[PDB]
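[1] coordinates for the following, if possible.
(2 chains)
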Protein chains: 2
Amino acid sequence: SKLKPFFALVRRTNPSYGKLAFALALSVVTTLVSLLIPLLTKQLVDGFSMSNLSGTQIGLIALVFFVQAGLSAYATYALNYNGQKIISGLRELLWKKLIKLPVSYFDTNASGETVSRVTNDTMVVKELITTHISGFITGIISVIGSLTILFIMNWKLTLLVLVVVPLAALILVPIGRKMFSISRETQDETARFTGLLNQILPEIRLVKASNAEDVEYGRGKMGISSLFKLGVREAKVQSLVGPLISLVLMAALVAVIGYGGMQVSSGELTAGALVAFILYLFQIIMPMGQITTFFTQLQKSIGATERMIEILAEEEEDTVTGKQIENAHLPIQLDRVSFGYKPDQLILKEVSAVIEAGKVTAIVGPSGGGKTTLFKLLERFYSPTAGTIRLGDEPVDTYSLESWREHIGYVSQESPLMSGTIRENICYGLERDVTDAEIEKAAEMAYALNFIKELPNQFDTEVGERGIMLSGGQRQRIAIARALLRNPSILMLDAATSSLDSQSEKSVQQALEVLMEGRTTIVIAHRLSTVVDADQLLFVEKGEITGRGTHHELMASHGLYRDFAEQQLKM
Amino acid sequence: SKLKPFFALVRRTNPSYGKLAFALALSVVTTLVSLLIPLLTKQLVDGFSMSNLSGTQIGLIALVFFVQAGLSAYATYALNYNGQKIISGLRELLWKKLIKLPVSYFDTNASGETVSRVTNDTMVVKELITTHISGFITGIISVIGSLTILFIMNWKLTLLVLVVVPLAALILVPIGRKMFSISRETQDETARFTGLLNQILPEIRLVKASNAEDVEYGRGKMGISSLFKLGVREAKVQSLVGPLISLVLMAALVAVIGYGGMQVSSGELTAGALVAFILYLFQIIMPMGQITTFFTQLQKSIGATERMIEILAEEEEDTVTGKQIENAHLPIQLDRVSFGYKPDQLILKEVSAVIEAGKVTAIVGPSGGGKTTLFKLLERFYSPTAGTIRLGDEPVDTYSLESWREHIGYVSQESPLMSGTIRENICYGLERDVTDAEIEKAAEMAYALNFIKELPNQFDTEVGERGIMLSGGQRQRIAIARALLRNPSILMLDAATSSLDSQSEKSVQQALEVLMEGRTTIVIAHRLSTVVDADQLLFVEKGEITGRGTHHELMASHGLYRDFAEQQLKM
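    Residues are numbered from 1 along each chain as shown, chains lettered A, B, ... in the order given. See the structure here:
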């Protein structure tokens, strides 16, 4: 059944089903060659006297090894190469989907867990396909055909003793499991002792100050004594297991080998059959581990595939919405917007607001209310189900979300840089324009080129893999220049105006007030600089609008009664 | 040479020599028995038909096996039991040392590395001693005896073949090493890709703002392409190495046992000898690897051995210093006190100050000032070298430090508590007095019976692993109450007064003041409650005494002014 999802995925990785079959059959004939190997040695033993035909048989055996090696090598290379093509396809599709579609909240599920899933689960799937789909088939064919050749070579003989030996081995194994259990308890208790020590040391200050080194020495002694008793336990078990292991194993080996010798010395027809038997039981034992490993890893592989298809399931979309985009200059309207999170959580309720077009307007929200949610609603990652943010007499959703975000003036103080150089900022500003060679021209025009440390270079200025060797204000003004470059039509502001002085704060304030004056400006912050800057301001509390109007007597009085208490809470 | 420190440490262990000798000789006996084993099988197989007397012979085989197993078991039990005894001795010595002598500075080295040192190095030493000394002697004996009896068995034919086969194995090994290295290069690029994805992920919100989804899709595709490139090389190397490994190993084994069979059909010196040789050959594989293991872990542990003596190296002093402490109510004097963390560092320079008996004391310190080291040397954890700290005309260096230490009391900022219950703190308030059964009544006197009458249980109420069951305020109050009761002479702390408000702050302040109408106090906190409760107010700057005099006028003029007024403005 799970083969259905597994094959669905490998079908999503579409083009190598014939080469894989080639590889599998070549591996099969490889194992058959390995089966052949003993018999030529058997003939060699049969010759036994002269060197000429013995030399010919040596030639044959060397040739057959060489064929086995070459063909097996080709099979393995083909298998792994195809598998790496497969894994390339998997990662390509997965990354494409995972970046393109899934709107913000899904990556809100987790951060490192997703990329971890991708990496490790892809690796497991690939190793599975190539190594284990080889190994299981080759080994099972090997072992069944091998016991068959044993039946042919040996009757109701020294193959029966062989098959009863692992009976005793299975009787053996649980003893090793018990040893493993005691070992587990051992590192468990050692970790306990380590934790006790970790607790004790940092407070050595109070320990000494109390003159209580003696009771602590006693605590250590107790812990050590407990570890000592457990060590004695492990000792007893280890001693009664190990020699028992050696006993049973060596004894069974002696039984097998010496009973074969009993056959050969008796004149039974087993002397080159004996060398065949030893070689060939060797080839028998070699591949059992592969069988067991496949049996184990199948479960994890299938779970991984389930995870993969789960990640592939969900969907999102952006230009698909429409093309009804216009000049995008109209007041933003929130109409009875109640949609928040999952319809059963309901973090929002009927939130309605009117912000005039081309007007600087900020918001104020509580630390733990709905301010961040209203932020993510203005930036419109969430899909309003109950509420409606009115724009353009209801094409607000209808026109391309890509076109709308193409008008967005996104900015935030937290935002570091994408890895690389300064040019990549405007390359991100690319919208099939590339801004030609108006890139540095605009950098100059809007104050950005005046500022990145006298432009050490226009392209070689490496912003950093992470961006450490640059400060916050620098990157924030880089971003504001980027947004001014993109489209200076609709501006949002997280108000990246924090501790960047009174030089850079006013710098970005005039940047938004001059370059972005007539067009729409939206601010979200906590300080009074933004509330006095904005022409209109609204206030949000318990996930509901609780303030409106201009910001002079209105917001002063809004403060005075309750918002002043809120501010005093902030300080 | 290094065996001399090894012997010195295990001599610090002391009682084991004879028992270890017994065990080692027993293991030698066992390995000789193992050598003996297959000769019995050879006698049996050369017996040959006539399973009757074969019964007696195989019974002799069985008894030899049984005595081998039992002797080996006793050997292993003795080895591990003794080794655990040495581990006990080491752990007790390290713990007694570490807790008792090392003054705070040795811990200021750092914390976690020391406990990791302890646990891991003890484990390594145990494993070394017992497993690897036994194994090294066992293996050398086994392999040498094996080669000798193999001489005596087949001479020039079998030994030459056997010796030359590991020659081809050594030919093999470097290719396996190269495969391993390329595999490591493989995980290197996997981690590179992982880090790229990790970096890009919050950059998903950034790019969804920035609309460069195709740009990042491309970035991921180049990353995947690089991984695919490397995978091709990994594939080629794996394909080359694998078949070559199988080739050499299987073909050489063919050579060996087939030459045996060639001889067998040759009617040379054969039959059970083949059966004998086979057993001996396996008698090599179990020992061989152990040699390798011993040849590594030793040096590992020997460094641990060095590490051990290093911790054992440090020495320190206590109550063997002397005894002169009895009223402990004389003014303390700081006379030219000049010693930082190290004489060369000179964090502290000739600081001189006066504190009269019973006077409250408050110390004002900056973040970068030597305020912490000043407090630590008041704790007398920083040994005076040049300067002199003396109350009672320099007995500080004559009487025992711990004596002054019970005569003083301390509580820190965080003020955690010993793992366990209420009994931890109160019983730590014991100095052979045992404080009868008034501990709870005294706690009541010190306003500590609040959480006695909480009473989840008087003694059974347990705080958890660390003590998170309680809160900062209640832990602070219980600890201070108990310790101040325990030590009513000098009184000292860093004022663990916090956001524990006005109820806890005032209550604990008045309680400690009740503890000290006739007792001396000193505080180095960073607020103003203790200073206005203090009659002398002092400041530290650059490891130098400044800002002395009475609180109100003198501090407002100079002490509480200057940088303190500056940071008050910063408040």
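
[2] helices of the stretch 151-300 of chain A, start to end?
    Taking DSSP state H, counting those that start in this stretch to define them, one finds helices in the stretch 151-300 of chain A at A:160-200, A:204-209, A:213-265, A:271-285, A:288-313.

[3] ok now the shortest one, how far from the chain's centre?
    Averaging C-alpha positions (CA atoms, centre = their mean, to the nearest Å) puts helix A:204-209 45 Å from its chain's average.

[4] give the contact list for the residue most central in space within chain A.
    The residue lying closest to the centre of chain A (CA atoms, centre = their mean) is residue A:116, at 1.7 Å. Listed by CB atoms under 8 Å, 6 or more residues apart in numbering or on different chains, the contact partners of residue A:116 are residue B:194. C-beta coordinates here come from the backbone N, C-alpha and C atoms, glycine included.

[5] what comes up buried for the strand or helix carrying it?
    Secondary structure from DSSP states H and E places residue A:116 in helix A:112-116. By 16 or more other CB atoms under 10 Å in any protein chain shown, the buried positions in helix A:112-116 come out as A:114, A:115.

[6] next SSE after it?
    Counting by DSSP H and E, what follows helix A:112-116 is helix A:122-127.

[7] starting at the chain centroid, how far to that following helix?
    13 Å.

[8] what's the neighbour count on residue A:542?
    Residues contacting residue A:542 under the criterion other CB atoms under 10 Å in any protein chain shown number 10.

[9] no no, residue A:244
    Neighbour count of residue A:244, defined by other CB under 10 Å: 15.

[10] my read: it touches residue A:176, true?
    No: if you go by CB atoms under 8 Å, residue A:244 and residue A:176 don't touch, sitting 10.0 Å apart.

[11] burial check on residue A:569, number of neighbours?
    Other residues near residue A:569 come to 9 when the count uses other CB under 10 Å.

[12] so how far is residue A:15 from the closest residue to it other than its chain neighbours?
    Leaving aside its sequence neighbours, residue A:569 sits nearest to residue A:367 (CB to CB, 6 or more residues apart in numbering or on different chains; 7.9 Å). Look at residue A:367 and residue A:15: by CB to CB, to the nearest Å, they are 54 Å apart.

[13] go on, residue A:238?
    With distances taken as CB to CB, residue A:238 is found 54 Å from residue A:15.

[14] so between the two, which is more surrounded?
    Legend: neighbour count by other CB under 10 Å for residue A:238 and residue A:15, higher for residue A:238 (19 against 10).

[15] ok, the more buried one - contacts?
    Neighbour list for residue A:238: A:179, A:182, B:76, B:80 [criterion: CB under 8 Å, 6+ apart].

[16] show me the two of those residues that sit farthest apart.
    Using CB to CB, the two most remote members of the contacts of residue A:238 are A:182 and B:76, lying 14.2 Å apart.

[17] give me the more crowded residue out of the two.
    residue B:76 (25 against 16).

[18] dump the residue contacts of the nearest residue to that one once chain neighbours are set aside.
    Nearest residue to residue B:76, sequence neighbours excluded (CB to CB, 6+ apart): residue A:239, at 4.2 Å. Contact partners of residue A:239, counting by CB under 8 Å, 6+ apart, are B:73, B:74, B:76, B:77, B:80.

[19] quick check: residue A:162 touching residue A:256?
    Yes: the pair residue A:162 / residue A:256 is scored as a contact, 6.2 Å apart, by CB under 8 Å.

[20] hey, what's in contact with both of the two?
    Here residue A:162 and residue A:256 share the contacting residues residue A:281, scored by CB under 8 Å, 6+ apart.

[21] got the angle between the host helix or strand of residue A:22 and helix B:213-266?
    Using DSSP H and E, residue A:22 sits in helix A:17-47. Angle of helix A:17-47 versus helix B:213-266, following axes from the mean of the first three to the mean of the last three CA atoms, to 10 degrees, is 10 degrees.

[22] return the set of buried residues in helix A:17-47.
    Neighbour counts over helix A:17-47 (16+ other CB under 10 Å) mark A:20, A:23-24, A:26-28, A:30-31, A:33-35, A:37-42, A:44-45, A:47 as buried.

[23] repeat that for stretch A:370-384.
    Buried residues in stretch A:370-384, counted by 16+ other CB under 10 Å: A:370-371, A:373-382, A:384.

[24] and chain A, what are its domain boundaries?
    As assigned by CATH domains of a matching chain, chain A contains the domains A:1-319, A:320-571.

[25] any chance of those in TSV, plus distance to residue B:203?
    Listed next are the domains of chain A as TSV, based on distance: least, CB to CB, whole Å:
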stretch	distance to residue B:203
domain A:1-319	10
domain A:320-571	6
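
[26] so which of the buried residues of helix A:17-47 reach chain B?
    A:34, A:37, A:41, A:44, A:45 (CB under 8 Å from any CB of the partner chain).

[27] ok, of the residues you listed, which one's closest to residue A:195?
    residue A:34 (52.1 Å).

[28] thinking again about what came up before, compare the domains of chain A and give me the one nearest residue B:398.
    For these, proximity to residue B:398 was assessed by CB to CB; domain A:1-319 is nearest, at 18.4 Å.

[29] report the distance from that closest one to the chain centre.
    On CA atoms, centre = their mean, the centre of domain A:1-319 falls 25 Å from the chain's centre.
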